[PDB]
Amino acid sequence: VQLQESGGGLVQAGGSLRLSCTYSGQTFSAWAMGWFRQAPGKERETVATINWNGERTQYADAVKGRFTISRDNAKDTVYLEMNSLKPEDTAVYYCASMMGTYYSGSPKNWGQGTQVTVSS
């Protein structure tokens, strides 16, 4: 199974990005999916997780109201729509399939990760 992020890059503060994560694998719909991020010298953190059928979502406090996680089981892709970006959202952003529930599960298959740099 292989996971590919995309849609990152440079963006000015207040701007918007839309990450996409493509799932090469037979049972995309079996798993909950999450977005995570890690900035240099900082611990990884969860950004958002989503139901296996896209109906239920969970957001980190720092991004609630600003980020939206969605999935298209029809195209085997999970999305992070990011609005109102702040410098502190700068990190490598990874998507991951997870074991268990979207609220208490564990990421297992990681993507390459894409860079997001928000400037001032």
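Just count from 1 along the sequence shown to find any residue number.
Per the PDB record, of the two stretches 10-18 and 94-102, 10-18 carries the greater mean B-factor over its C-alpha atoms. The top Cα temperature factor in the record, among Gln58, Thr46, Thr68, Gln26, falls on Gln26. Ranked by Cα temperature factor within the chain, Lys86 sits in the highest third according to the deposited record. Remark: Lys64 belongs to the lowest third of its chain, ranked by C-alpha B-factor as recorded. Annotation for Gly54: CA B-factor lies in the highest third of the chain's modelled residues. Compared with the other modelled residues of the chain, the Cα B-factor recorded for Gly41 ranks in the middle third.
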